[PDB]
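Peer 1: Structure provided below as structure tokens; questions to follow.
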Amino acid sequence: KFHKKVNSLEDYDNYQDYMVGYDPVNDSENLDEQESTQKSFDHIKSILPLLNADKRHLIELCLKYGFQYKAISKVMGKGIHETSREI
Amino acid sequence: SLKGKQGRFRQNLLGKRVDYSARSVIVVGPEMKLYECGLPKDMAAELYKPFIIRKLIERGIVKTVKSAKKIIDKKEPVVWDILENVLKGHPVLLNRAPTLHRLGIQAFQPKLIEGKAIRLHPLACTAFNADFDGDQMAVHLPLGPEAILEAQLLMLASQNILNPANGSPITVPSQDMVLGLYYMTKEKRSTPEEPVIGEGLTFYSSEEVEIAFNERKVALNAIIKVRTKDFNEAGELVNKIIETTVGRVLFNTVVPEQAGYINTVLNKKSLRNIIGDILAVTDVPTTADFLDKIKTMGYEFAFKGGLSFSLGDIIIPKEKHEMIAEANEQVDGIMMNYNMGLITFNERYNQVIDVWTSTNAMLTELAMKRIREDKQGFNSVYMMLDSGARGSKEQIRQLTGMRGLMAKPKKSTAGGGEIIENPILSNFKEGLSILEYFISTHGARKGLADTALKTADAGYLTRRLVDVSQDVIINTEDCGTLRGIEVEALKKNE
Amino acid sequence: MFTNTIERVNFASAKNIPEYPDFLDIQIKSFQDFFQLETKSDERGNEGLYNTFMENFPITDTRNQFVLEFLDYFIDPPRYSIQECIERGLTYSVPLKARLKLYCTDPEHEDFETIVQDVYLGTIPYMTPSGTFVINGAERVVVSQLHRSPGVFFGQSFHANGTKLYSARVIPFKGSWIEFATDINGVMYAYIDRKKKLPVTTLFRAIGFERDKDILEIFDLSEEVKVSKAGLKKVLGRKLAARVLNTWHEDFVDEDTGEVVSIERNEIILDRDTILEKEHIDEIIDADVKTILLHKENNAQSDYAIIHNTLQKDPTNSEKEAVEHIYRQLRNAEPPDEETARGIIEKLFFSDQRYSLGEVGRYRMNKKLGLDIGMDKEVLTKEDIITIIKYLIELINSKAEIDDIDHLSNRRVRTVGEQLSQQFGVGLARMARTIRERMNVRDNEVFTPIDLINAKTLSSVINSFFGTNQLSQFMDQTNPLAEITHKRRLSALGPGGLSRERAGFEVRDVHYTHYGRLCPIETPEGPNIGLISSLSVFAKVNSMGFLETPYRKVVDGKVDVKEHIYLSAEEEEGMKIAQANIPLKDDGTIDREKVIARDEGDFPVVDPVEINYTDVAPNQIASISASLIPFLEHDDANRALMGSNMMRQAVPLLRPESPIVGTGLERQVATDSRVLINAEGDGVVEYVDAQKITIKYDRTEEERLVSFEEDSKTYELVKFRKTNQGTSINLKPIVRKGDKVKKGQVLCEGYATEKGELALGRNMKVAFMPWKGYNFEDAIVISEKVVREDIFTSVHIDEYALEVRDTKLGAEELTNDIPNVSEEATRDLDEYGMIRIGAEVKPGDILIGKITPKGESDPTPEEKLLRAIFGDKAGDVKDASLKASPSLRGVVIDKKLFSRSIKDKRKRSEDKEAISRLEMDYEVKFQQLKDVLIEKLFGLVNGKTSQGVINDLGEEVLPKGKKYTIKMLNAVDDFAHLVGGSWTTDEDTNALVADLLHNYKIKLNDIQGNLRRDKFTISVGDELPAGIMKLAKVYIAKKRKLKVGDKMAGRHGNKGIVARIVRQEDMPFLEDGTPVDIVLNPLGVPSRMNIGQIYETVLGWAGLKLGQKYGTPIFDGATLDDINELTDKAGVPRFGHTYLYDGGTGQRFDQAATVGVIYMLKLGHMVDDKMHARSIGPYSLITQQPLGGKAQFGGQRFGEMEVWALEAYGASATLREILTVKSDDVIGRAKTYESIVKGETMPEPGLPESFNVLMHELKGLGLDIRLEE
Amino acid sequence: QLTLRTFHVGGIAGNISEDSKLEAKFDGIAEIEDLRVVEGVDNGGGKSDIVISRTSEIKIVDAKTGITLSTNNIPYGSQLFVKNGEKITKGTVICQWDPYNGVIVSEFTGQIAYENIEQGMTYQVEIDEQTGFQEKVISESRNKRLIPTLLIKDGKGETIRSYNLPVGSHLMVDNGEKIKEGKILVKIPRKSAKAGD
Ligand SMILES: [Mg+2]
């Protein structure tokens, strides 16, 4: 059904002339947004060393395994509730 | 995907859609120069956008591209101030499709104009095969300095004066320009009923002719004598008194002195020869200035003459009924001879064709003569025909005399094309009947079908010729050959 | 005289002109002979759909256990009217349901009950009163087609070496082609479905002509002589007309089956065309032959010698030899038995399954071959084949004539009714196949004729025809004339027709049979010239599909002026037809000694005694457009063609004005266009407003008794409605409160009409003179007064539609809060993100704001933390808004939102409560209607005795013999099924009762449709194609004034571009100081020979100076003397020759110039739509090249010829920039933009991306392409 | 342009009159090469010279310088009025021939006979409906072996000459008719020059 719901681009005469188009402005804007996000993350990384060591390691682990309160709690010693509160 | 008109080679490799391009309808700018064009403000602003952005950043108004684009899109006066100087020295290639020869692409120095239509010089129209009934043109913007130099030195319309096919000029006046020049250079002879002011007056220079004409003391078509420079039998320019017209003197105030003095009524053929001669003696810039000046002169005097098209110019000969009746009597006699048994069917048909052809020829000649001697040769239709501005003997004969004999609508299977025995006795001023109009529509539609269907063959021939001749380039200076071809005069019918 | 009408001074001198046929008959009357909504049951026997129902019924299963029959069909009123269908974007359709009866023919299964049921077959697009089909909110026209007429066509073809080859082709109404031909060897042959060849004599034997005796007796060419010694000796020297064979039976035993098969083997003892000698007598005697055949001594047999040659190429001799050879040649295998061997031929040539000729084909074959085969035979016969071969032989001897392919009797017209009938037949055949298969698979007794039927299999075919067929065309909706021309078009293209490449010159020319049927002027100027023609004003299409034109009979030179006869192309051959303007005496006799006649393609001059027919009107040969060019006889045919084409592109104007000089057909075009509101009857208007006109129609007392509706009726005027081309339909009332109206009277003007007359342009003061070169080469100089007085200002409406659908990532929403756009750009948007009515659409503004759910990937921990601390600034929504291109400037005039109601539980209960309330209200309306009907019926038949009323089931609802009273009148269960019987003994009372019941049924059906529509909108909501939640439409109006670059044109083929808008003081002006409004080049007049525009220029001026409008019929118009009289009466110089003064200097022009009033139109080629400029924009994702089109912001094409010109000039640099850095060098173009902005040097171009696409395609073809240094 | 010039004509047939006479355009001496002539009878009954050679070439050469001023080709069957070596002046009619139909000139005196010429097979008779004039026009025969041939014989029956008749040619002679030298036998209708293609 899906493959029979798909037409052929040849049904439109000279489809390569007026269809299947893109604007590089969109690509440049997407890359600019990516750069903005990267700059924000670099700002956060630079702020990280100013925090307490335990809270810095909590975030560092949460950024390389990922908000895994259970596995972090067993790793740390604090419970699920305490570890979530500290995060 | 690789084959045909829509294939890769012929759609994306040998021809491409391009950036810095635009398209719009073309109107006529008669006050422009041969190397000029009128670009609408929005078209120029969009085409020259990076240059305006560069000037905006340089001026300190903006520091980024996006702000400059926003300012441009807001259509501020600073944009137009920048664009006026940005345009200078930056010609644009104008192109009208189909591009049959290289003159279909020509470089024009653009100027900002109001409206949304490109203003094109009239003298370029013949090169573009462009009229102003709805035609559209495309604008391409060269970017690099070498591209601009190529536009200015190889593509500029003021440089494309000669046709590469034969060497004769292609930027020749046409239509209103030729009609005005013809009207200005045609002589008028004084008669007791209509006197011509200032006839037979002798002038020391074109200066005195200008003074007298400006004071309304000598008519434009008066026959006068003027002392001017002209070649002698040895080819040297010497002052002599020439019998000419005031209009000829005024035309020669813009003709370069190295071409002598021109003392002929200006039609298209004479104008083409004169432009060729002036280009032969002088250089291209002088010829371009001469072309512009004579364009202005022809337009001005066609406008001042009030040359119209009236039913009074279509003088149907008073003798038409007599010739038609006489031909009817001859056809009746031929019909009687065929009826009672002297001539065959083919002989009678041929005799009828002969008599109708002779009557049509005599009627056309009489209409020619009437329109020629009307108003001492100053009938507007006759001036259009004789100047070469527009018209022919056939069309005038269809207006004044009779439409003549029409070919039968026989199929290709039938052998040959016969001629209807009864001709179209009516013309377009009198009014064709229902049957005559129905007869004429066959020929009209056949001509239109031939026009609409037999240019694909021309395009195919041009494509094959280009592909067989593409690699032929002048690569050296001398091929050191002792061989050649014998050239003699081309004589047809001795 | 009608109120607010122009009384024109008419110059026609021809009398007794017959009334024009309705200009939309070719559409309306064709569709009305296939369909309708208001036909009675008894009249439904010759309605076309009924025939296509019988041709597909009954449907019987293979087991023959069940049989399904069709009884009748019914048509329900449309759910949505035309206006609502155009507003929503739906197809204006009527739902069709059919009555079917399924029964069992096998008594073994006696548990199956016969069922008579109504089954919804489906929605059928329905023709509007204007002759168009509203499909998907767009009006379309089914264009009548011109194809080859069914019958027999005889033709010739010149072979390569130069020997003629003749052919006889049978063209059926439906099926393949049967073609007989002559080969270069002088052998007759036949082709079967364009397969390989086949001997004609082989087919003759296959039909049943067993021996050569029958074959030679078909053409009567042989003499039979008994075999004897004396007889053979007496006929010595004669050539044998038949092969002398020896017959014996050989017993061949098959090893596989063991059955002994006796094969009749014939040995050729003596061949054909053999001279009889004394030695052959003994051979013939020994062969034990009873009789022999010899060539006839008549000389004419030589002309038939080709048949003998064919006999020499026939490898068969018996009745079954030819049949077996045919089987082997066709099915490419040996025959299994003789029965199927005979059956294959009997089914290929004598069976209706593969092909049918139809009534037209049978009639044409009968007329051509001179037979009288009954009209009930839709297939070929043996007599037909014999006569066809006879005609071919007669043609070969140069004794007959070749048929003419371009003859209008040989070109047939497929109208809208025929095409729709054929598509319906296809759909119903598919439906019948599905029904038959469903009956095949079903053995359970639980199956009824409703579960057997699929509506999809019919709706699919009909929608495909109306959406993708070449003949279902987008209507030309520019002006009323464009519609009226498109509805009268005849196309030679499409399915079953010719192609542009395949179209030769001959079909494109004008035939002598086009006179009065096809216009020789109005044809497209281009690749479609001749292939698309226009119907003439007096042309009809008869029942058989041939063009007919009217004439007046002439008997012994006396013209019958009171009666006229419609004649076809074949009915005219052999007759001499005169003109219409022939002077006539008081008794009707022709008063001309010599009359030019039109006999076939010749134009002889004969006496009035030899004239057979005369034309009826001066404009019989011309179309509507050609009959609107005043002084057409003074124009060249090419210019008339161009003027007819251009009059159809004239835009409607804001203030239209009817021409001063007109033919007189404008009122008829406005009336027959049916775009203006035509009063349906005599009445006095009640209330008039810009939006509506309500009028009280006068109805007779009987009509009032029978009709359920009030005499008053309200018409809603069309206000600023978009066409297919962008132009606007704005209608305004021309009737005041209190005026009286008659049938057909126009109550409104607008849409390029004025006071009931077509008004395509405006009257402009014109001077023919050169003006400073600003009217050079067909350019136009116009005054600024035109812009000042809104003379040439039009309104163009654009419609922008946004779909918001349900995507996988989430349901896209319409909101004014869209990310990363300033608050100023969302100022004019409402809650649903839709621009307000009255806003100015400057370029780049948001029309319908939209947010699409953005692509959240897996939520990586870094993203989670960044959103946790910074916030959800980058909420998951991307701008999908509609933005105006940098050419759109307009005012929002209307916005529409169509939505599907959300299916919720509480919404479901609310819908149930609402549907219950609506049902109660609609039964209340039902009962009110029934009470009114009962009261009217009791009033009609009070005090009489019933004669018997029978319902659809055969039960007598009203017992006979009882007097009429109220009690059992309200006791009748239903009136909508009371069919059959007579109510009373009075015929007038019976007719009144029948009409009353018909109107009751109509009103009940309408109210049921209303109830169904209310149910649909409560439950489903707004109709909307599946997969899309909401549809948002914004309509934008563009006021376009006349500007430089706009195209203008007259009616005489004179067209131009406005080159300069010149001030009033700079215009040429007359002695009174009034300037002219337009300056046209005189040079365009002589060469183009459109002298007519001069005539109209002069006459018009007289009108402007006399308050007069003129009627100048084509070929019966104003002479120069009438114009001279009117100009002398108006103080205007003769021929319009006036002395003018320059506005910029004041000096009088040297010569006088032609000045007058010309009717000027504004065409739809506006410089606003044509200008486009691009520096950079969107590129293709395949070729990495700029797109193409103003809508796509694309770039111009530098094609092959432009490259050739660049190479000829020697511009390597310009060509290189065009090839690489301006098109597809992806890095190069960005670097060039940066270098221009920064002033640096230009980048070095690189390899174009299209070359890499080419290289990848070559590598995908298995070629190792290597670039080397 | 070779396809657009038809548009301006409008379908009107042109008055293209084929040059039926060749005349001398210069003063000099006319020298004729490959010339064969016979004595025939014209329409007026007088004696005339008819060229029977298709390769005749006439050169008008100046008598003072000896340079060939003009060169022309003499069509077959044309009436020659200038002899070899005869001085001619400007405007003198060198020769005249039928432009519409070419002619075949008999080179011998004898009887005319038909070979493979039969009615309804190789030629057809077109008869005028009103006057009854009959013209025998040769058509294309189905059997290619049947070649219509005209045989010119002597009084003894021996075939002196044979002439092949092309398709479409009209027969101006009858079977068994006696003819003299120079008489036109078969008139081949040349395709008439229609309006300029
Ligand atoms: Mg044009």
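Naming works like this for the structure tokens: A, B, ... for the chains as they're shown, residue 1 at the start of each chain, ligands 1 onward in shown order.
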Can you pull out every residue with an atom within 6 Å of ligand 1? Use only C-alpha atoms and all ligand atoms and format it as a list in words.
Peer 2: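 The distance check yields residues 131, 132, 133, 134 and 135 of chain B.
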Peer 1: Just the residues within 9 Å of segment 51-59 of chain D, please, counting only C-alpha atoms, with nothing from its chain fewer than 4 positions along; format it as a list in words.
Peer 2: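 Selected residues are residues 29, 30, 31, 32, 33, 34, 35, 36, 37, 38, 68, 69, 70, 71, 72, 73, 74, 75, 76, 77, 78, 79, 80, 84, 104, 105, 106, 107 and 182 of chain D.
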Peer 1: For the residues in the current selection, export C-alpha atoms as a compact mmCIF listing (two decimals), in the first residue's frame.
Peer 2:
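Dumped to selection_29.txt:
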```
# COMPACT_ATOMS: atom_id res chain seq x y z
CA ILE D 29 28.50 35.58 -83.47
CA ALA D 30 26.52 32.53 -82.32
CA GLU D 31 28.34 29.19 -82.41
CA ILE D 32 26.26 26.04 -81.86
CA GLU D 33 27.82 22.80 -80.63
CA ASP D 34 26.21 19.34 -80.68
CA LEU D 35 23.33 20.63 -82.81
CA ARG D 36 20.95 18.31 -84.66
CA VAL D 37 17.95 19.80 -86.47
CA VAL D 38 15.05 18.51 -88.56
CA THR D 68 32.68 34.17 -75.20
CA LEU D 69 30.19 36.80 -74.04
CA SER D 70 27.31 34.42 -73.26
CA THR D 71 26.53 30.70 -73.13
CA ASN D 72 23.15 28.97 -73.16
CA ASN D 73 21.61 25.51 -73.56
CA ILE D 74 19.09 24.74 -76.31
CA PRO D 75 16.14 22.72 -74.93
CA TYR D 76 15.03 19.58 -76.72
CA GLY D 77 12.22 20.08 -79.22
CA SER D 78 12.65 23.86 -79.36
CA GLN D 79 12.18 25.83 -82.57
CA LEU D 80 15.56 27.13 -83.76
CA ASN D 84 25.39 28.23 -86.78
CA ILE D 104 8.99 14.55 -78.63
CA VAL D 105 10.14 15.11 -82.22
CA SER D 106 10.06 12.31 -84.78
CA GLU D 107 13.39 11.92 -86.60
CA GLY D 182 9.63 16.87 -87.39
```
Peer 1: Which segment 131-183 of chain D residues have any atom within 12 Å of an atom of segment 395-417 of chain C, and for each, what is the nearest pair of atoms with distance in Å to one decimal, counting only C-alpha atoms, rows sorted by chain and number, as a Markdown table?
Peer 2:
```
| residue | atom | partner | partner_atom | distance |
| --- | --- | --- | --- | --- |
| D:139 | CA | C:398 | CA | 10.4 |
| D:140 | CA | C:398 | CA | 11.0 |
| D:141 | CA | C:397 | CA | 10.5 |
| D:142 | CA | C:396 | CA | 10.0 |
```
Peer 1: Can you tell me which residues surround segment 10-12 of chain A at a distance of at most 12 Å, considering only C-alpha atoms, apart from same-chain residues fewer than 4 positions away, and format the answer as a PyMOL selection string?
Peer 2: (chain A and resi 6+16-20) or (chain B and resi 1+6) or (chain C and resi 468)
Peer 1: Run DSSP on the backbone of this structure and report the residues of segment 7-84 of chain A it assigns to alpha helix (DSSP H), as a tab-separated table (two decimals) with N, CA and C atoms, in the first residue's frame.
Peer 2:
```tsv
chain	number	residue	atom	x	y	z
A	15	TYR	N	10.50	18.20	-13.99
A	15	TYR	CA	10.45	18.27	-12.54
A	15	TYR	C	11.79	18.71	-11.95
A	16	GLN	N	12.89	18.44	-12.65
A	16	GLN	CA	14.20	18.87	-12.17
A	16	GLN	C	14.37	20.38	-12.25
A	17	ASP	N	13.52	21.07	-13.01
A	17	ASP	CA	13.66	22.51	-13.17
A	17	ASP	C	13.01	23.27	-12.03
A	18	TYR	N	11.80	22.89	-11.63
A	18	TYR	CA	11.03	23.67	-10.67
A	18	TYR	C	10.69	22.93	-9.38
A	24	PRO	N	20.30	27.44	0.66
A	24	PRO	CA	21.44	27.34	1.59
A	24	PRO	C	21.32	28.20	2.83
A	25	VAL	N	20.44	29.21	2.82
A	25	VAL	CA	20.23	30.03	4.01
A	25	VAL	C	19.77	29.17	5.18
A	26	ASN	N	18.91	28.18	4.90
A	26	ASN	CA	18.46	27.28	5.96
A	26	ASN	C	19.62	26.49	6.55
A	27	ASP	N	20.53	26.00	5.70
A	27	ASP	CA	21.68	25.25	6.19
A	27	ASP	C	22.59	26.12	7.04
A	28	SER	N	22.86	27.35	6.58
A	28	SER	CA	23.70	28.25	7.36
A	28	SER	C	23.05	28.60	8.70
A	29	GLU	N	21.73	28.80	8.70
A	29	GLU	CA	21.03	29.08	9.95
A	29	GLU	C	21.09	27.90	10.90
A	30	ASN	N	20.96	26.68	10.38
A	30	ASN	CA	21.07	25.50	11.22
A	30	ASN	C	22.46	25.39	11.83
A	31	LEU	N	23.50	25.65	11.04
A	31	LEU	CA	24.85	25.59	11.58
A	31	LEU	C	25.09	26.70	12.61
A	32	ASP	N	24.50	27.87	12.39
A	32	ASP	CA	24.61	28.95	13.38
A	32	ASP	C	23.93	28.57	14.69
A	33	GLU	N	22.76	27.92	14.61
A	33	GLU	CA	22.09	27.45	15.81
A	33	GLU	C	22.94	26.41	16.53
A	34	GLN	N	23.58	25.51	15.77
A	34	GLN	CA	24.47	24.53	16.37
A	34	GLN	C	25.63	25.22	17.09
A	35	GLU	N	26.20	26.25	16.47
A	35	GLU	CA	27.30	26.98	17.11
A	35	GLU	C	26.83	27.67	18.38
A	36	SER	N	25.62	28.23	18.37
A	36	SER	CA	25.07	28.84	19.58
A	36	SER	C	24.93	27.82	20.70
A	37	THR	N	24.40	26.64	20.38
A	37	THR	CA	24.28	25.59	21.39
A	37	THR	C	25.64	25.16	21.92
A	38	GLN	N	26.63	25.04	21.03
A	38	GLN	CA	27.97	24.67	21.46
A	38	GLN	C	28.57	25.72	22.38
A	39	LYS	N	28.36	27.00	22.06
A	39	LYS	CA	28.86	28.07	22.92
A	39	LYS	C	28.20	28.03	24.29
A	40	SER	N	26.89	27.78	24.33
A	40	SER	CA	26.21	27.65	25.62
A	40	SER	C	26.79	26.49	26.43
A	41	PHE	N	27.03	25.35	25.78
A	41	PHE	CA	27.58	24.21	26.50
A	41	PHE	C	29.00	24.49	26.98
A	42	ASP	N	29.79	25.23	26.19
A	42	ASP	CA	31.14	25.60	26.63
A	42	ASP	C	31.08	26.53	27.83
A	43	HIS	N	30.13	27.46	27.84
A	43	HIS	CA	29.91	28.31	29.01
A	43	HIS	C	29.59	27.46	30.24
A	44	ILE	N	28.73	26.46	30.08
A	44	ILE	CA	28.37	25.60	31.20
A	44	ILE	C	29.58	24.81	31.68
A	45	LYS	N	30.38	24.29	30.74
A	45	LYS	CA	31.57	23.55	31.11
A	45	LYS	C	32.56	24.43	31.86
A	46	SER	N	32.70	25.69	31.45
A	46	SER	CA	33.58	26.61	32.16
A	46	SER	C	33.04	26.94	33.54
A	47	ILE	N	31.72	26.98	33.70
A	47	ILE	CA	31.15	27.21	35.03
A	47	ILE	C	31.33	26.00	35.94
A	53	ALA	N	32.95	19.90	44.51
A	53	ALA	CA	33.50	18.75	43.81
A	53	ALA	C	32.48	17.63	43.64
A	54	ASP	N	31.69	17.36	44.68
A	54	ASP	CA	30.69	16.30	44.59
A	54	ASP	C	29.64	16.63	43.53
A	55	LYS	N	29.14	17.87	43.53
A	55	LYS	CA	28.16	18.27	42.54
A	55	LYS	C	28.74	18.37	41.14
A	56	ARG	N	30.04	18.63	41.02
A	56	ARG	CA	30.67	18.61	39.70
A	56	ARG	C	30.78	17.19	39.17
A	57	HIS	N	31.18	16.24	40.02
A	57	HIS	CA	31.27	14.86	39.57
A	57	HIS	C	29.90	14.27	39.28
A	58	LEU	N	28.88	14.67	40.04
A	58	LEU	CA	27.51	14.25	39.73
A	58	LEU	C	27.14	14.64	38.30
A	59	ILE	N	27.40	15.89	37.93
A	59	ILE	CA	27.06	16.36	36.59
A	59	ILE	C	27.92	15.66	35.55
A	60	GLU	N	29.22	15.51	35.82
A	60	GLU	CA	30.10	14.87	34.85
A	60	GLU	C	29.67	13.44	34.57
A	61	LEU	N	29.31	12.69	35.61
A	61	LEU	CA	28.77	11.35	35.40
A	61	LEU	C	27.44	11.39	34.66
A	69	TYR	N	19.80	7.83	37.79
A	69	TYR	CA	19.78	8.02	39.24
A	69	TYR	C	20.05	6.71	39.97
A	70	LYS	N	19.58	5.59	39.43
A	70	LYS	CA	19.78	4.31	40.10
A	70	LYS	C	21.25	3.90	40.10
A	71	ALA	N	21.84	3.77	38.92
A	71	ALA	CA	23.23	3.34	38.84
A	71	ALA	C	24.17	4.34	39.49
A	72	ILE	N	23.82	5.63	39.48
A	72	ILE	CA	24.63	6.62	40.17
A	72	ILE	C	24.51	6.45	41.68
A	73	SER	N	23.30	6.18	42.17
A	73	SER	CA	23.09	6.05	43.61
A	73	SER	C	23.88	4.88	44.19
A	74	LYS	N	23.89	3.74	43.50
A	74	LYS	CA	24.70	2.61	43.95
A	74	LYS	C	26.18	2.94	43.84
A	75	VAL	N	26.56	3.70	42.82
A	75	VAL	CA	27.95	4.11	42.65
A	75	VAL	C	28.38	5.05	43.77
A	76	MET	N	27.47	5.92	44.22
A	76	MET	CA	27.81	6.96	45.17
A	76	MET	C	27.68	6.48	46.61
A	80	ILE	N	18.32	6.69	45.94
A	80	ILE	CA	17.70	7.30	44.77
A	80	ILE	C	17.23	8.71	45.11
A	81	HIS	N	16.58	8.86	46.27
A	81	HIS	CA	15.98	10.14	46.63
A	81	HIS	C	17.06	11.18	46.91
A	82	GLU	N	18.07	10.80	47.70
A	82	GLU	CA	19.17	11.72	47.99
A	82	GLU	C	19.91	12.10	46.72
A	83	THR	N	20.22	11.12	45.87
A	83	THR	CA	20.97	11.42	44.65
A	83	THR	C	20.18	12.33	43.72
A	84	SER	N	18.88	12.07	43.58
A	84	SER	CA	18.05	12.96	42.77
A	84	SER	C	18.03	14.36	43.35
```
Peer 1: Quick one: pull the distance between atom CA of residue 821 of chain C and atom CA of residue 1168 of chain C, Å, one decimal.
Peer 2: 28.8 Å
Peer 1: Give the strand (DSSP E) residues of segment 566-749 of chain C, as assigned by DSSP on the backbone, as a ChimeraX atom specification.
Peer 2: /C:566-568,577-578,595-596,605-606,613-614,661-662,683-688,692-697,712-716,721-722,728-729,731-733,740-741,748-749
Peer 1: Using only C-alpha atoms and a distance of at most 7 Å, pull out the residues of chain B that contact chain D, as a ChimeraX atom specification.
Peer 2: /B:341,405-407,417,443-444,447-448,450-451,454,494
Peer 1: Please dump the current selection as a PDB file, in the first residue's frame; keep C-alpha atoms.
Peer 2:
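File result_15.pdb, as written:
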```pdb
ATOM      1  CA  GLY B 341     -16.096  24.052 -80.061  1.00  0.00           C
ATOM      2  CA  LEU B 405      -6.516  34.986 -58.149  1.00  0.00           C
ATOM      3  CA  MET B 406      -6.279  32.507 -55.276  1.00  0.00           C
ATOM      4  CA  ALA B 407      -4.863  28.990 -55.302  1.00  0.00           C
ATOM      5  CA  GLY B 417      -2.240  23.520 -57.435  1.00  0.00           C
ATOM      6  CA  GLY B 443      -4.193  30.490 -47.668  1.00  0.00           C
ATOM      7  CA  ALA B 444      -3.929  32.438 -44.420  1.00  0.00           C
ATOM      8  CA  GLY B 447       0.867  30.278 -44.186  1.00  0.00           C
ATOM      9  CA  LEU B 448       0.393  30.347 -40.419  1.00  0.00           C
ATOM     10  CA  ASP B 450       3.975  26.728 -42.284  1.00  0.00           C
ATOM     11  CA  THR B 451       5.325  29.453 -39.999  1.00  0.00           C
ATOM     12  CA  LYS B 454       8.689  24.782 -40.242  1.00  0.00           C
ATOM     13  CA  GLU B 494      23.427  35.962 -68.351  1.00  0.00           C
TER      14      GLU B 494
END
```
Peer 1: Tell me which of C:1201, C:1079, C:492, C:1236 sits closest to residue 98 of chain B, counting only C-alpha atoms.
Peer 2: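 The closest residue to residue 98 of chain B is C:1201.
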Peer 1: Within 10 Å of chain A, which residues of chain B are there when counting only C-alpha atoms? Please give them as a ChimeraX atom specification.
Peer 2: /B:6,11-12,17
Peer 1: Chain B residues within 6 Å of chain C, counting only C-alpha atoms: which ones, as a VMD selection string?
Peer 2: chain B and resid 14 to 24 27 30 43 46 to 47 50 54 99 102 117 131 to 133 147 150 299 303 to 310 391 395 428 to 429 431 to 432 441 to 442 444 452
Peer 1: What's the separation between atom CA of residue 339 of chain B and atom CA of residue 127 of chain D, in Å to one decimal place?
Peer 2: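 Computing it gives 14.8 Å between the two atoms.
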Peer 1: Restricting the calculation to only C-alpha atoms: of B:353, B:281, B:335, B:424, which residue gets closest to residue 256 of chain B?
Peer 2: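 Once distances to residue 256 of chain B are computed over only C-alpha atoms, the minimum belongs to B:281.
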Peer 1: What's the 7 Å shell around residue 115 of chain D, counting only C-alpha atoms, without same-chain residues fewer than 4 positions away, as a ChimeraX atom specification?
Peer 2: /D:148-150
Peer 1: Can those selected residues be exported to a file as an mmCIF file, in the first residue's frame so that it contains C-alpha atoms?
Peer 2:
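Result file again_24.cif:
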```cif
data_model
loop_
_atom_site.group_PDB
_atom_site.id
_atom_site.type_symbol
_atom_site.label_atom_id
_atom_site.label_comp_id
_atom_site.auth_asym_id
_atom_site.auth_seq_id
_atom_site.Cartn_x
_atom_site.Cartn_y
_atom_site.Cartn_z
ATOM 1 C CA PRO D 148 4.394 1.615 -73.740
ATOM 2 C CA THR D 149 6.504 2.034 -76.876
ATOM 3 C CA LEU D 150 6.026 4.066 -80.054
#
```
